[PDB]
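Worksheet: one structure, shown below.
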Amino acid sequence: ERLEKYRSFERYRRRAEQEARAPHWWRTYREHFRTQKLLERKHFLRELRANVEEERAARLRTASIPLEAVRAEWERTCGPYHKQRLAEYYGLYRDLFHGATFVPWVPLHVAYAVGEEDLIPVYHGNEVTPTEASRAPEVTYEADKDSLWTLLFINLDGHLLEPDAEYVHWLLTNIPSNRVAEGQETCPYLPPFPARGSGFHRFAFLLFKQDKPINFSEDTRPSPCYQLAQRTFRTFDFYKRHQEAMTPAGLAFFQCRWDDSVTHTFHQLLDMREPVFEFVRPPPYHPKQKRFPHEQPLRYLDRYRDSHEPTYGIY
Amino acid sequence: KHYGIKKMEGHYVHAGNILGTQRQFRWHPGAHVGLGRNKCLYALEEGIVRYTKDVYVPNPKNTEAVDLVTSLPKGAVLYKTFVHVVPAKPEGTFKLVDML
Amino acid sequence: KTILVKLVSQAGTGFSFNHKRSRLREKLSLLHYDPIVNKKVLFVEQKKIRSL
Amino acid sequence: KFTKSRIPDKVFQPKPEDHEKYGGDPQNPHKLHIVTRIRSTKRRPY
Amino acid sequence: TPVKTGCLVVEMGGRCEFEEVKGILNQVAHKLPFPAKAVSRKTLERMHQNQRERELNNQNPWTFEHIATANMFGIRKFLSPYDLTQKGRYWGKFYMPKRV
Amino acid sequence: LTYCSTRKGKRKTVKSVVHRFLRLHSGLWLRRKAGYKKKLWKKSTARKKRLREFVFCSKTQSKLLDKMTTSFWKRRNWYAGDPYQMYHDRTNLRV
RNA sequence: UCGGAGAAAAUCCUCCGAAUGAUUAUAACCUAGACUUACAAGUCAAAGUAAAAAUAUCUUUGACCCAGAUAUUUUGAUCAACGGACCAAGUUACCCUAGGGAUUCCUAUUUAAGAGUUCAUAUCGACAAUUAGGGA
RNA sequence: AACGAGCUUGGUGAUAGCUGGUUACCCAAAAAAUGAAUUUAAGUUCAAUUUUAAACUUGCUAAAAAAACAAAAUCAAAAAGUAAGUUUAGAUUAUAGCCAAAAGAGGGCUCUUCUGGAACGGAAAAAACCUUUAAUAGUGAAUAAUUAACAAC
Ligand SMILES: [Mg+2]
Ligand SMILES: [Mg+2]
Ligand SMILES: [Mg+2]
Ligand SMILES: [Mg+2]
Ligand SMILES: [Mg+2]
Ligand SMILES: [Mg+2]
Ligand SMILES: [Mg+2]
Ligand SMILES: [Mg+2]
Ligand SMILES: [Mg+2]
Ligand SMILES: [Mg+2]
Ligand SMILES: [Mg+2]
Ligand SMILES: [Mg+2]
């Protein structure tokens, strides 16, 4: 009686949801399943509050916000952290580095040019058709002077023979500062080739800070190379060999399905018959037959038959 | 009659198996477990049955449940028992059908 | 008391189904599914079957 | 109702005097038992 | 009105010695349906003290409690479930003071 | 029933069995549900569906129906367009 | 005969009802897997398809045969002895057969308020004590 | 020469869920008298048990946490001691128990639940309590239970 009682449904709901998050003794569903910036920040706010026009629009409920300005500011402040969530959510950190997690810090930007009028961007989790990815994409990531780089683009789940391995698409090395044309093309650019009926493949862009120029002669690949046995590649072991001078700083990944252009890639240059896959569900469970299916309909016999066509044996 | 728990916690249960029959809500539907008209509990997936307690939030539309919920003391919330089946197999797998 | 009545489809089909009506009320008319027409049509009372 | 019985654990915790009486070291316990039946199971529960 | 062994049926007090109240209380006790006795504060204390003293200085290695609890001799075949709690002091509605 | 008939000295079929049950050659017997045509106005829709089905008989019931009919009713019948053509045989039966 | 409730899975154990109606957004077909169960009967239900653009909401029972009503689809029981003979009551000391049976106040102790003019126990004697013996 | 309805023959080997009886040896296994329906409770059918043969694989004891309960059984990961179990084919009999000891409920009986028993040894005689793994020949032996117990300051 001393404690007050929730006077509204929402109060209980907010209490309940917060209550659910906390761990409990009893089994539950979840178990099984700087200062100067502050001062400057405040000062800008006060100016915004003073503006009468801001008040009038708000009370007239006609105000609006510029999305582009927020996006750029969001990138500076906490974009690294949100990007990390997507990478963990999409499984990049577990499939790439065997569970190691790195916060992206370089605001990497990639877009696939469609003709010349417009260019398709590649954000985190975006959808880009293989036709759109036929040619290599423009990359601008605001390196600043010096600080050599290496750009690595790979499809994590596109391998056709070994599950763990993945296929390199193009690898640029010794990229000095912003300019990317000055990079050694160890791996030539290949169009994405996701098999038909194989679901959505996730392709990611990886940028590594380079302390000192290192010749990646082992990772150099002949240009052009159309052999999948040579495109097989593990990010995890590769980063081990270069972890001294390679530290990741950028991310960008997109999802793509199969497409008619994929048919061209499998035949024209890969020079192999294209693989076709289908989603197969497991056979339905039926209890073991009984010689006498007592109290069962006539359909019982059809459940355990394989061929729908009559047979005659000796006749 | 013979009301009770047909399937206990830790048992492999197929898609349609009945888990419990009840005259009153002794247990409540959970995840992948459905309700029959007679309030019996049946699995909706193949998996392992689990009984677990969790907070109860009722549909806003029904008046009586909301009033009782609101009248609860601010300190805590009421609980109930829920039944769960943990799916034990993947939905499906991709296989090579043809090479063209 | 209550009587069992035979509601007949008015879509021209012979389909009908039995329903229960309280003798004090007026003759029952319902929208019901006609399998032979695959549509929801009016069913109109035609005959009394028995007294429930 | 005659039912199966659960002995309190204290029964099987020996005392220092017990070791002297029976001459068994609590360390380096013996490995194999010699067991003989000396009573009948007739009139005993199943 | 039911009464259990050890209960105090009636209580007396005042500026009187036990010897004064010995006779009448003993007479009244004798006519009670169950066996009874007249005990002062000291006498009941002495009664409990002697009981505890008997248990400590008992020279019999074997006792009802140990044999009963450990099922030695297979004895629980012939014993009631309540016997383990009583420890042989109480049989039916009778209390055996001499039993330790 | 009649084990040895006066005229022919043979076993006799119980015709009430032949009028209610169907024998599949594999050894199974089919039947209807009792009451499937009775008081349908007060039965639930799911209950009516259960009643309409053809249902198999138990091992003991099958044993009894076998005793009450003669061998003529246990033979192979090659009916053109038989709707039970597929149900006279058991497939993938391990037991 | 069946359903609800206590004892709690026993009872000639204790209660309330049902042989229901009301309410209507009318509530299909088809089909994995299960419950319950001697048999019979009785329950729950994913997926798919089809109507629509939320299920019916309150919370039970009668088989087979045999008769009905229709344009295929339906309806027939205080068959309540409620697993239901299509339709049959008394009586027998005139009897018969096959069997199964049977043939509370005393009295003795313990206690002792009061009776006994006075005085518990000469003679009796409340409240009680005795594993004390007897007689729908 | 025993009439509520004569006697004889025949129908007729009437029928009898009832009483009585049912003829060599040896070996092996063995229920239980439980649940259900029945003009059914002196009977029968089904389940359940038991059993014979066959198929192939886990069974029995135990069993943590952990749930389900309210705040000793149900379930049964791993192990361990052990050898049974499931399924198919065929088949009767049985479907009234008795007594001891525990827990209850009607109030000493009368019911329900759980355990044990059917000496040739012992408790005097003694179905049921206690000692006792089968069956043997011996003028061997160690043992088990084992009706006895030792008047007042
Ligand atoms: Mg059945
Ligand atoms: Mg559906
Ligand atoms: Mg009857
Ligand atoms: Mg009856
Ligand atoms: Mg019944
Ligand atoms: Mg007379
Ligand atoms: Mg005469
Ligand atoms: Mg005869
Ligand atoms: Mg009889
Ligand atoms: Mg009858
Ligand atoms: Mg195990
Ligand atoms: Mg002796």
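Chain identifiers are assigned as A, B, and so on, following the order in which chains appear in the structure tokens; residues are numbered from 1 within each chain, and ligands are numbered from 1 in order of appearance.
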**Report entry** Spatial neighbours of residue 5 (chain D), max dist 10 Å, only C-alpha atoms (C1' of nucleotides), sep filter under 6 positions, as a VMD selection string
**Finding:** chain E and resid 69 to 71 76
Report task. Please report, as a list in words, each residue of region 15-97 of chain E to which DSSP assigns strand (DSSP E) when run on this structure's backbone. Result ->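 Matching residues, listed in order: residues 90, 91, 94 and 95 of chain E.
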Generate a file of the selected residues that holds N, CA and C atoms, formatted as a short mmCIF file (atom, residue, chain, number, x, y, z; two decimals), in the first residue's frame.
data_model
loop_
_atom_site.label_atom_id
_atom_site.label_comp_id
_atom_site.auth_asym_id
_atom_site.auth_seq_id
_atom_site.Cartn_x
_atom_site.Cartn_y
_atom_site.Cartn_z
N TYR E 90 8.27 -42.24 22.04
CA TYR E 90 6.81 -42.21 22.01
C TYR E 90 6.29 -43.40 21.21
N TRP E 91 5.36 -44.14 21.79
CA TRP E 91 4.70 -45.26 21.13
C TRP E 91 3.20 -45.04 21.22
N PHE E 94 1.39 -43.15 24.12
CA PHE E 94 2.12 -43.34 25.37
C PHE E 94 3.52 -42.76 25.25
N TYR E 95 4.02 -42.20 26.35
CA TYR E 95 5.36 -41.64 26.43
C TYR E 95 6.19 -42.46 27.40
#
**Report entry** Pick from A:86, A:262, A:276, A:228 nearest to chain B, counting only C-alpha atoms
**Finding:**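 Counting only C-alpha atoms, the residue closest to chain B is A:276.
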Requested in this report: Kindly work out which residues sit at most 9 Å from ligand 10, using only C-alpha atoms (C1' of nucleotides) and all ligand atoms, and give the list as a list in words.
Outcome: residues 81, 83, 84 and 85 of chain G; 38 and 39 of chain H
Requested in this report: Output the neighbourhood of ligand 2 as a PyMOL selection string, that is, all protein and nucleic acid residues with some atom at most 12 Å from the ligand, counting only C-alpha atoms (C1' of nucleotides) and all ligand atoms.
Outcome: chain G and resi 30-31+45-50
